[PDB]
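J.: experimental coordinates for this protein are included below, preceded by the sequence.
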Amino acid sequence: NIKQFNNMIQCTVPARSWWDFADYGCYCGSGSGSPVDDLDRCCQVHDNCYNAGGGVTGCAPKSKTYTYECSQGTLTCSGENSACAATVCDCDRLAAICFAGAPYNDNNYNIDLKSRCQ
Amino acid sequence: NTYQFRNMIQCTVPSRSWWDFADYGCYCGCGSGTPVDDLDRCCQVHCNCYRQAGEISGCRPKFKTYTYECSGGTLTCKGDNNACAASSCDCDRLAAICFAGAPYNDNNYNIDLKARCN
Ligand SMILES: CC(=O)N[C@@H]1[C@@H](O)[C@H](O)[C@@H](CO)O[C@H]1O
Ligand SMILES: [Zn+2]
Ligand SMILES: [Zn+2]
């Protein structure tokens, strides 16, 4: 779920909190417009991954609790995860991994969406 | 669905672009923290509303298309709606009505979420 994703994010980017991504670019937060950078892209895909998992049955990303592990910046989803948990978990770890590698631009945080995300 | 909710808003608050509500306070765009004002609380009740609707198997509140009528400040969800659609429609409608009765504080638009809702 999102609670586990928030923490996944910290595993790979301990120097930051999920909040730095809560309101970044045109996607890290909800969804709309043209990506702003690599980071803002990591978020586009993540959401896509989620709506793809919503296609799994009775699968709710933000709410299904999965079994994962964090070991010194590296994430691992465990095997005992149901088809839904495993898909979501992966979505989240790939997003987390994508965030750590992308550049963080202060200029693209807290932006006026009504002017950059149409 | 999102598009329908956007219309209810333009319905109850014609003097504003629906973007004025895509990043207001801590909840309009749906997150967490202390509501900043009446309007923000409106959004707070709306997200929680969506969260309850999600408990109905197969109910995707951001996407469920429902039957409603929005006639000059007047919003009506039609009976021909099933449990999921009926619940979703009442969420949007009530939130749309709520916005119409709460002052809109320019200060509270695009605020720092990391620092103000955490
Ligand atoms: C396009 C649209 O209306 N999106 C709504 C937004 O207006 C509302 O402020 C927010 C929070 O409750 O939820 C979004 O789904
Ligand atoms: Zn913002
Ligand atoms: Zn009519």
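T.: Here it is on my side, so go on. Numbers count the residues shown, from 1 in each chain, chains lettered A, B, ... in the order given. Ligands and ions are numbered 1, 2, ... in the order given.

J.: where does chain B come near ligand 2, residue by residue?
T.: For chain B, the residues in contact with ligand 2 (C-beta under 5 Å from the ion) are B:23, B:110. Where C-beta positions appear, they are placed from N, C-alpha and C, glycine not excepted.

J.: would you check how far apart the spatially closest residue to residue A:98 that is not a sequence neighbour and chain B are?
T.: In space, residue A:98 comes closest to residue A:42 once its chain neighbours are excluded; the distance is 3.6 Å by C-beta to C-beta, 6 or more residues apart in numbering or on different chains. For residue A:42, the distance to chain B equals 18 Å [C-beta to the nearest C-beta, to the nearest Å].

J.: and residue A:42, which of the three is it?
T.: helix (DSSP: H, G, I helix; E, B strand; the rest coil).

J.: ok, it - contacts?
T.: A:28, A:95, A:98-99, A:102 (C-beta atoms under 8 Å, 6 or more residues apart in numbering or on different chains).

J.: near chain B, anything from stretch A:107-118?
T.: Yes: using C-beta under 8 Å from any C-beta of the partner chain, stretch A:107-118 reaches chain B at A:110-114.

J.: buried only: go through these for me.
T.: Applying 16 or more other C-beta atoms under 10 Å in any protein chain shown to the residues of stretch A:107-118 next to chain B, the neighbour count classes A:110-111, A:113 as buried.

J.: please narrow the residues you listed to those residing in strands.
T.: Counting by DSSP state E, no part of these is found in strands.

J.: ok, the residues you listed vs residue B:107, which is closest?
T.: Nearest to residue B:107 among these: residue A:110, at 14.1 Å, using C-beta to C-beta.

J.: contacting residues for the closest one?
T.: The neighbours of residue A:110, taking C-beta under 8 Å, 6+ apart as the test, are A:23, B:110, B:112-113.

J.: wait, residue B:5 sits on residue B:92?
T.: Yes: counting by C-beta atoms under 8 Å, residue B:5 touches residue B:92, with 4.1 Å between them.

J.: compare the two and say which is more crowded by neighbours.
T.: Taking neighbours as other C-beta atoms under 10 Å in any protein chain shown, residue B:5 and residue B:92 compare with residue B:92 leading, 26 against 23.

J.: let's see the helix or strand hosting that one as CSV, backbone CA atoms only.
T.: Secondary structure from DSSP states H and E places residue B:92 in helix B:83-101. Only the C-alpha atoms of helix B:83-101 are listed here, as CSV (Å, rounded to 0.1, in the frame of the first residue of the first chain):
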residue,chain,number,x,y,z
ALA,B,83,-24.3,1.4,-5.4
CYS,B,84,-20.9,2.4,-6.7
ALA,B,85,-22.1,5.1,-9.1
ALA,B,86,-24.6,6.4,-6.6
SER,B,87,-22.0,6.6,-3.9
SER,B,88,-19.4,8.3,-6.1
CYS,B,89,-22.0,10.7,-7.5
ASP,B,90,-23.0,11.8,-3.9
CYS,B,91,-19.4,12.4,-3.1
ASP,B,92,-18.7,14.7,-6.0
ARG,B,93,-22.0,16.4,-5.7
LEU,B,94,-21.7,17.1,-2.0
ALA,B,95,-18.1,18.3,-2.5
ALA,B,96,-19.2,20.5,-5.3
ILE,B,97,-22.0,22.0,-3.1
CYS,B,98,-19.4,22.3,-0.2
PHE,B,99,-17.0,24.3,-2.4
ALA,B,100,-19.9,26.7,-3.2
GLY,B,101,-20.4,27.5,0.4
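
J.: I am finished for the moment; much appreciated.
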